[PDB]
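Here's the structure, in structure tokens; my notes come after.
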Amino acid sequence: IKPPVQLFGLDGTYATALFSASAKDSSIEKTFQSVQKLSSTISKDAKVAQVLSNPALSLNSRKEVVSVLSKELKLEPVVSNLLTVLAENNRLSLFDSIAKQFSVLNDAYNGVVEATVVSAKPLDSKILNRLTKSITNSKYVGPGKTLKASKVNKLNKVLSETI
Amino acid sequence: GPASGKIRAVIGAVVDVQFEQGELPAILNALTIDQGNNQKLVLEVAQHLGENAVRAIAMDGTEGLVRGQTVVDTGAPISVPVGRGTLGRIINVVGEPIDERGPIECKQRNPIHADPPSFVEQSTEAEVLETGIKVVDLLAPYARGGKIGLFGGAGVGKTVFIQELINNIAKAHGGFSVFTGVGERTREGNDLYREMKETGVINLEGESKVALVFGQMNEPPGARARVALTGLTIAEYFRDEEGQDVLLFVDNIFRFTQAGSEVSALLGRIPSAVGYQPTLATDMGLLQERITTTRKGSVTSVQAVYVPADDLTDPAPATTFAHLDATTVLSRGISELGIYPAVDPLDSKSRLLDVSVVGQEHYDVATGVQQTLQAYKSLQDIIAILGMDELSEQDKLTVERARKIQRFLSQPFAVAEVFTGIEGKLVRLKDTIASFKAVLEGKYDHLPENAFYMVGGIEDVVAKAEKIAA
Amino acid sequence: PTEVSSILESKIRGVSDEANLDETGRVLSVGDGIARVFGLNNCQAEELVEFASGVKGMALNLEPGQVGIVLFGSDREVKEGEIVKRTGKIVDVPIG
Amino acid sequence: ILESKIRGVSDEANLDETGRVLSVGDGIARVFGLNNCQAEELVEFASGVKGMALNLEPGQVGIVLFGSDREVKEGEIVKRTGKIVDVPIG
Amino acid sequence: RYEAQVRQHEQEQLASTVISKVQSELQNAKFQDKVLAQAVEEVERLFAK
Ligand SMILES: Nc1ncnc2c1ncn2[C@@H]1O[C@H](COP(=O)(O)OP(=O)(O)O)[C@@H](O)[C@H]1O
Ligand SMILES: [Mg+2]
């Protein structure tokens with residue numbers, strides 16, 4: 001099963017390959033919280049980051065370090081197979097790209113995205129985009145909106161071109 | 001607080017700066033990097049690689065920079081001093097003084113990156129500029145307020161041709177000068193400043209009228225490519241804001257295109273012809289169009305081009321021939337024979353060589369002298385193999401007149417008196433046209449070929465023949 | 001003729017009144033005339049593109065993740081993250 | 001903090017003034033590390049061969065070896081001298 | 001040419017003064033400009049849906 005989200009084709013196909021096997025027997029909800037624990041315990045830790053980003057170690061040494069850290073964290077289902085594929089193919093240096101592409105699949109098929117103005121929009125999970133953007137723009141413009149431009153820049157450029 | 005960035009990559013002259021905030025710098029932005037010498041480090045932005053990172057080009061040596069240094073943005077381009085305060089001082093590529101005479105007290109500071117003139121602000125003319133040479137006042141005459149090109153190889157006579165013209169035209173022009181040397185030698189910069197101070201061009205304790213811009217080949221690639229933009233900004237302010245006939249002297253103009261080709265491979269651009277950059281016609285056209293004559297003032301550009309290994313079909317020599325009104329090609333074959341200088345009459349051309357600007361008398365003398373030299377050059381295969389006795393009666397008289405006309409156009413300059421031993425001769429425009437017409441009619445056929453070599457007009461040719469026969 | 005400056009201000013009064021329908025993208029990288037715009041799936045080949053700074057562009061290379069557009073002017077005002085709106089037409093010119 | 005001592009793969013490599021050699025060939029040595037290494041600085045390999053860090057990108061640093069290619073292998077320890085390419089005079 | 005240059009300079013000077021007055025009025029916290037911007041966005045979305 002391939003979802004219509006494209007997401008590159010070579011580098012972005014890492015998270016899309018494991019999404020086909022995780023979409024069976026309801027196993028997409030536990031993969032979101034398990035993917036965030038692998039990046040938070042390597043970035044702000046200063047321990048397993050320098051010992052894995054180098055071009056040393058071996059094939060059996062990289063697989064034993066991922067299995068020892070997953071037995072005391074939050075990985076017991078299909079989360080252990082994702083780290084073993086990136087260790088033998090030398091893909092452990094870009095662990096943030098595999099975790100970021102996995103969260104974009106759940107937000108596209110079960111919610112909206114894009115933007116509008118100023119900050120972010122609302123990203124509702126209704127159905128169509130025409131009936132959800134009109135009901136959320138009137139409730140967000142009144143509440144908040146500090147406005148800290150587009151109409152003043154277009155009027156000044158039209159007067160300079162005719163002079 | 002200004003926009004601060006972090007150094008992420010450093011490979012020679014290119015230094016990629018990664019900005020932490022969303023307000024990234026634009027193109028051609030001057031960056032400041034603190035070091036430890038009361039001078040910091042200038043860096044010009046080139047392109048943006050994305051992901052909050054832009055590739056910048058340093059204007060000095062990048063030796064000593066580590067990964068993660070603070071890079072502050074000035075918010076604008078590399079500004080330089082303009083006006084009357086830059087006359088007599090030795091400025092650099094960043095506008096700082098290098099003459100050890102304090103800071104330049106200028107009122108305004110214009111940027112080095114600016115747009116050129118439009119089609120409605122242009123002003124064309126046809127005023128001839130008398131230089132004093134016999135081979136330049138008859139063959140390819142220069143135009144006042146245009147672009148003059150002095151093409152030539154290594155050791156032909158490109159540096160001596162620009163020095164002789166500045167000592168007999170810029171000294172009595174009235175306006176201010178602009179000698180911006182790019183890619184020159186270390187000894188040529190010190191000798192030019194000492195010679196102009198003893199003649200009255202650059203007065204340290206009085207009034208000056210010549211702007212000097214440093215920038216030899218001893219610096220990095222970022223300072224050599226930006227040396228042409230710093231010197232052209234001072235000459236453009238004197239012709240637009242003041243309205244004066246400025247004189248831009250570049251030596252050499254070929255160093256601007258050669259400096260950017262060495263840094264183009266590290267910026268991501270693919271190589272072009274002969275390992276050059278892909279934007280050769282776009283970078284050279286943006287700087288040559290701004291050094292033209294407008295409605296407020298004129299700008300006589302007297303730059304010099306360098307032929308790559310004696311080849312006029314290169315990408316840096318053929319692209320600069322379409323932006324100059326008068327060209328002065330210096331061949332390497334005529335310099336070894338004794339021609340001072342090696343002014344090629346079959347290659348030098350100009351737009352002022354017509355009968356409506358120089359007259360009907362000067363137009364007929366230029367066509368007759370060029371026709372005699374073309375007939376002797378095409379028949380060189382039979383004179384060098386069979387000999388001069390294989391010609392006919394009409395071809396024998398044309399071969400003798402072509403040898404005397406080629407040596408008469410080579411006059412000894414005033415700056416080359418220590419290498420030749422003779423005095424400097426400055427022939428006028430009216431004396432050079434009357435001397436060439438009398439020798440082609442048969443009035444000087446009895447004289448020798450050595451009586452016209454290294455002389456002046458018709459008066460010096462008759463005096464040299466009488467002294468050699470006594 | 002009788003205050004010529006007043007006739008130009010009255011004719012260029014109401015013009016901007018229908019320009020709130022997105023139809024824009026995002027520039028990821030730009031330099032040396034080229035400009036890699038990310039997005040714009042409805043942009044056709046050899047179409048006239050308009051940046052947020054006012055410089056015109058022509059999308060000549062359409063990829064799957066980005067879109068290489070060639071700027072028709074100076075790239076000093078175009079930076080990373082700028083909106084690149086599409087005019088909807090091809091590279092046309094005036095005649096008559 | 002619990003995953004630091006649970007690994008056991010010698011998590012004490014000082015990459016501030018040193019670096020690991022990732023690749024070597026054609027008179028070059030791709031060193032992985034050395035964040036405090038300046039441009040055109042002198043380096044020292046494990047076998048005693050000198051090196052000069054030419055290009056320093058993100059995550060790697062191109063070091064130019066001044067000797068033979070047999071004195072540098074994959075996974076070697078390359079230290080920094082702290083100075084640039086200097087020589088003795090006087 | 002002098003009459004055309006005087007008319008072009010007067011039109012350029014009047015356009016620069018009108019542009020400065022429009023920018024100064026928007027920085028004075030205009031309550032009528034903030035209420036008209038919210039009503040124009042709701043009327044444009046209803047005509048297309
Ligand atoms: N009028 C002249 N008479 C005699 N020799 C000259 C004349 N003009 C130039 N030369 C010679 O040409 C040489 C040019 O040297 P240089 O300036 O280093 O190379 P280039 O001219 O290619 O820049 C000088 O050494 C000088 O002796
Ligand atoms: Mg020279």
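To be explicit about the labels: the chains of the structure tokens are called A, B, and onward in the order shown, and within each one the residues are counted from 1, while ligands get numbers from 1 in the order they are shown.
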
query: Do you know which residues are within 6 Å of ligand 1 using only C-alpha atoms and all ligand atoms? Can you write them as a ChimeraX atom specification?
result: /B:153-160,340-341,412-413,416,419-420

Okay, now the selection with C-alpha atoms, as a PDB file, in the first residue's frame?
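Result written to out.pdb:
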```pdb
ATOM      1  CA  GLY B 153      50.395  39.199 -24.089  1.00  0.00           C
ATOM      2  CA  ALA B 154      53.027  38.817 -21.393  1.00  0.00           C
ATOM      3  CA  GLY B 155      56.023  41.053 -22.034  1.00  0.00           C
ATOM      4  CA  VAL B 156      54.550  42.814 -25.074  1.00  0.00           C
ATOM      5  CA  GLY B 157      53.860  46.304 -23.734  1.00  0.00           C
ATOM      6  CA  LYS B 158      50.582  46.571 -21.840  1.00  0.00           C
ATOM      7  CA  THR B 159      51.913  48.274 -18.700  1.00  0.00           C
ATOM      8  CA  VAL B 160      54.132  50.702 -20.626  1.00  0.00           C
ATOM      9  CA  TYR B 340      58.328  50.346 -29.742  1.00  0.00           C
ATOM     10  CA  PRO B 341      55.599  49.603 -29.110  1.00  0.00           C
ATOM     11  CA  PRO B 412      59.842  56.382 -28.267  1.00  0.00           C
ATOM     12  CA  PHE B 413      57.704  57.148 -25.229  1.00  0.00           C
ATOM     13  CA  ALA B 416      60.614  54.236 -21.682  1.00  0.00           C
ATOM     14  CA  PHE B 419      65.183  51.113 -21.624  1.00  0.00           C
ATOM     15  CA  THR B 420      65.681  52.690 -25.077  1.00  0.00           C
TER      16      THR B 420
END
```

message: Please return as a PyMOL selection string the residues found within 12 Å of ligand 2, counting only C-alpha atoms and all ligand atoms.
response: chain B and resi 150-163+181-189+192+216-217+250-255+303-307

Can you spit out the residues from that selection as a tab-separated table (two decimals), in the first residue's frame, using C-alpha atoms?
```tsv
chain	number	residue	atom	x	y	z
B	150	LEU	CA	44.94	47.67	-24.54
B	151	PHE	CA	45.10	43.97	-25.33
B	152	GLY	CA	48.41	42.14	-25.36
B	153	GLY	CA	50.40	39.20	-24.09
B	154	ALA	CA	53.03	38.82	-21.39
B	155	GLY	CA	56.02	41.05	-22.03
B	156	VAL	CA	54.55	42.81	-25.07
B	157	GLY	CA	53.86	46.30	-23.73
B	158	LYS	CA	50.58	46.57	-21.84
B	159	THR	CA	51.91	48.27	-18.70
B	160	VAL	CA	54.13	50.70	-20.63
B	161	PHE	CA	51.27	51.78	-22.90
B	162	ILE	CA	49.03	52.85	-20.01
B	163	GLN	CA	51.85	54.74	-18.27
B	181	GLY	CA	44.92	48.53	-10.37
B	182	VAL	CA	43.55	44.97	-10.21
B	183	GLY	CA	45.92	42.02	-10.42
B	184	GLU	CA	49.05	44.16	-10.78
B	185	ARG	CA	52.50	43.56	-9.28
B	186	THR	CA	53.84	44.61	-5.89
B	187	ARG	CA	56.57	46.83	-7.34
B	188	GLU	CA	54.23	48.50	-9.86
B	189	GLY	CA	52.04	50.01	-7.14
B	192	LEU	CA	53.35	54.60	-9.72
B	216	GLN	CA	47.65	43.44	-6.48
B	217	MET	CA	47.91	39.69	-7.08
B	250	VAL	CA	42.41	49.78	-14.96
B	251	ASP	CA	45.57	47.66	-15.02
B	252	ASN	CA	44.74	45.10	-15.74
B	253	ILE	CA	41.11	44.49	-16.73
B	254	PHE	CA	41.69	40.78	-17.37
B	255	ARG	CA	42.26	40.09	-13.65
B	303	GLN	CA	41.75	49.68	-19.34
B	304	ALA	CA	44.24	47.04	-20.48
B	305	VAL	CA	43.47	43.41	-21.33
B	306	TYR	CA	45.87	40.48	-20.94
B	307	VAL	CA	45.94	37.77	-23.60
```

message: At a cut-off of 7 Å, using only C-alpha atoms, what residues contact range 32-44 of chain D? Leave out same-chain residues fewer than 5 positions from it and give the result as number ranges by chain.
response: A: 54; B: 62-67; D: 15-22, 49-54, 59-61, 78-85

- request: Tell me which protein, DNA and RNA residues are within 8 Å of residue 5 in chain C, counting only C-alpha atoms, leaving out same-chain ones fewer than 3 positions away, and put them as a ChimeraX atom specification.
  value: /C:8-9 /E:11

Could you turn the residues from that selection into a file that holds N, CA and C atoms, as a PDB file, in the first residue's frame?
```
ATOM      1  N   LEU C   8      -3.953  61.111 -13.368  1.00  0.00           N
ATOM      2  CA  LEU C   8      -3.252  59.849 -13.163  1.00  0.00           C
ATOM      3  C   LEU C   8      -3.590  59.217 -11.819  1.00  0.00           C
ATOM      4  N   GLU C   9      -3.931  60.029 -10.817  1.00  0.00           N
ATOM      5  CA  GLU C   9      -4.265  59.491  -9.503  1.00  0.00           C
ATOM      6  C   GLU C   9      -5.671  58.906  -9.463  1.00  0.00           C
TER       7      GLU C   9
ATOM      8  N   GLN E  11       4.916  66.045 -10.776  1.00  0.00           N
ATOM      9  CA  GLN E  11       4.169  64.816 -10.533  1.00  0.00           C
ATOM     10  C   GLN E  11       4.962  63.838  -9.677  1.00  0.00           C
TER      11      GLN E  11
END
```

- request: Would you please give, as a list in words, all residues of range 54-85 of chain C that DSSP assigns to strand (DSSP E or B) based on the backbone?
  value: residues 56, 57, 58, 59, 60, 61, 62, 67, 68, 69, 70, 71, 84 and 85 of chain C

task: From a DSSP pass on the backbone, collect the residues of range 103-336 of chain B flagged as alpha helix (DSSP H) and hand them back as a ChimeraX atom specification.
output: /B:158-166,186-197,221-225,227-240,255-263,280-288

- request: Using only C-alpha atoms, pick whichever of C:85, C:11, C:17, C:92 has the shortest atom-to-atom distance to chain E.
  value: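 Result for the nearest residue to chain E: C:17.
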
Enumerate, in order of chain and increasing residue number, the residues of chain E with an atom no farther than 8 Å from chain A, each with its shortest atom pair and distance in Å to one decimal, counting only C-alpha atoms, as a Markdown table.
```
| residue | atom | partner | partner_atom | distance |
| --- | --- | --- | --- | --- |
| E:11 | CA | A:163 | CA | 7.8 |
| E:12 | CA | A:163 | CA | 6.9 |
| E:15 | CA | A:159 | CA | 7.9 |
| E:19 | CA | A:156 | CA | 7.4 |
| E:38 | CA | A:141 | CA | 7.5 |
| E:42 | CA | A:138 | CA | 7.5 |
| E:45 | CA | A:134 | CA | 7.0 |
| E:49 | CA | A:130 | CA | 7.5 |
```

task: Can you pull out every residue within 9 Å of range 6-12 of chain A, counting only C-alpha atoms, but drop anything in the same chain fewer than 4 positions away, and send it as a ChimeraX atom specification?
output: /A:16,97-98,101 /C:64-65

Next, write the just-selected residues to a file, as a JSON list (two decimals), in the first residue's frame, keeping N, CA and C atoms as the atom set.
```
[["chain", "number", "residue", "atom", "x", "y", "z"],
["A", 16, "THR", "N", 8.44, 5.66, 4.81],
["A", 16, "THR", "CA", 7.32, 5.12, 4.05],
["A", 16, "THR", "C", 7.42, 3.61, 3.85],
["A", 97, "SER", "N", 15.77, 12.48, 10.07],
["A", 97, "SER", "CA", 14.99, 12.52, 8.84],
["A", 97, "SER", "C", 14.00, 11.37, 8.76],
["A", 98, "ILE", "N", 14.28, 10.26, 9.42],
["A", 98, "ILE", "CA", 13.36, 9.12, 9.39],
["A", 98, "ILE", "C", 12.22, 9.32, 10.38],
["A", 101, "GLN", "N", 9.66, 12.17, 8.89],
["A", 101, "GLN", "CA", 8.81, 11.77, 7.78],
["A", 101, "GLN", "C", 7.71, 10.81, 8.21],
["C", 64, "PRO", "N", 10.54, 16.84, -9.27],
["C", 64, "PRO", "CA", 9.46, 16.23, -8.49],
["C", 64, "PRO", "C", 9.33, 16.82, -7.10],
["C", 65, "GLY", "N", 10.41, 17.43, -6.61],
["C", 65, "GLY", "CA", 10.41, 18.03, -5.29],
["C", 65, "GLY", "C", 10.62, 19.53, -5.32]]
```

task: For each of C:29, C:2, C:61, C:53, take the minimum atom-to-atom distance to chain A, counting only C-alpha atoms, then give the residue where this is smallest.
output: C:53

field: Contact residues (chain B, partner chain C, 9 Å, only C-alpha atoms) as JSON, numbers by chain
entry: {"B": [24, 25, 26, 27, 28, 46, 47, 48, 49, 50, 51, 52, 53, 54, 269, 279]}

Print the selection's residues with N, CA, C and O atoms to a file, as a compact mmCIF listing (two decimals), in the first residue's frame.
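The resulting file, again14.txt, is shown below:
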```
# COMPACT_ATOMS: atom_id res chain seq x y z
N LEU B 24 17.58 36.05 7.07
CA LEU B 24 18.86 35.78 6.46
C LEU B 24 19.33 36.96 5.62
O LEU B 24 18.53 37.83 5.26
N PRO B 25 20.62 37.03 5.31
CA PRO B 25 21.13 38.14 4.50
C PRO B 25 20.87 37.93 3.02
O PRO B 25 20.70 36.81 2.53
N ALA B 26 20.83 39.05 2.30
CA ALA B 26 20.59 39.04 0.87
C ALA B 26 21.90 38.84 0.11
O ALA B 26 22.96 38.61 0.70
N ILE B 27 21.83 38.94 -1.21
CA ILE B 27 23.00 38.77 -2.06
C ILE B 27 23.84 40.04 -2.03
O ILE B 27 23.33 41.15 -1.84
N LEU B 28 25.15 39.87 -2.21
CA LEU B 28 26.11 40.98 -2.21
C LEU B 28 26.04 41.77 -0.90
O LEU B 28 26.02 43.00 -0.90
N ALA B 46 27.36 35.54 -1.75
CA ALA B 46 27.23 35.17 -3.15
C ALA B 46 25.84 34.62 -3.44
O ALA B 46 25.05 35.27 -4.13
N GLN B 47 25.54 33.43 -2.93
CA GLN B 47 24.25 32.79 -3.14
C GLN B 47 23.78 32.19 -1.82
O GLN B 47 24.46 32.28 -0.79
N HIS B 48 22.61 31.56 -1.85
CA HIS B 48 22.02 30.92 -0.69
C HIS B 48 21.78 29.45 -1.00
O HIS B 48 21.11 29.12 -1.98
N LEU B 49 22.33 28.57 -0.16
CA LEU B 49 22.18 27.13 -0.33
C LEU B 49 20.92 26.58 0.32
O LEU B 49 20.64 25.39 0.16
N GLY B 50 20.17 27.40 1.04
CA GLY B 50 18.96 26.95 1.68
C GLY B 50 19.20 26.44 3.09
O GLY B 50 20.33 26.34 3.58
N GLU B 51 18.09 26.10 3.75
CA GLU B 51 18.10 25.58 5.12
C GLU B 51 18.79 26.56 6.07
O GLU B 51 19.61 26.17 6.91
N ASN B 52 18.44 27.84 5.94
CA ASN B 52 19.00 28.91 6.76
C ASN B 52 20.53 28.95 6.67
O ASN B 52 21.24 29.01 7.67
N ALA B 53 21.03 28.90 5.43
CA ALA B 53 22.46 28.92 5.18
C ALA B 53 22.72 29.57 3.83
O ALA B 53 22.05 29.24 2.85
N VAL B 54 23.68 30.49 3.79
CA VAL B 54 24.04 31.20 2.57
C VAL B 54 25.55 31.13 2.40
O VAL B 54 26.31 31.30 3.37
N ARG B 269 28.84 26.16 -9.14
CA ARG B 269 28.67 26.38 -10.56
C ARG B 269 29.54 25.43 -11.37
O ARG B 269 30.64 25.05 -10.95
N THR B 279 28.88 32.36 -15.92
CA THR B 279 28.40 33.74 -16.04
C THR B 279 29.54 34.69 -16.42
O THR B 279 29.81 35.67 -15.72
```

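Considering the residues C:95, C:60, C:45, C:83 and counting only C-alpha atoms, chain A has its shortest atom-to-atom contact with C:83.
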
- prompt: Between A:41, A:146, A:90, A:31, which one has atoms that come closest to residue 63 in chain A, using only C-alpha atoms?
  reply: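 Using only C-alpha atoms, the shortest distance to residue 63 in chain A belongs to A:90.
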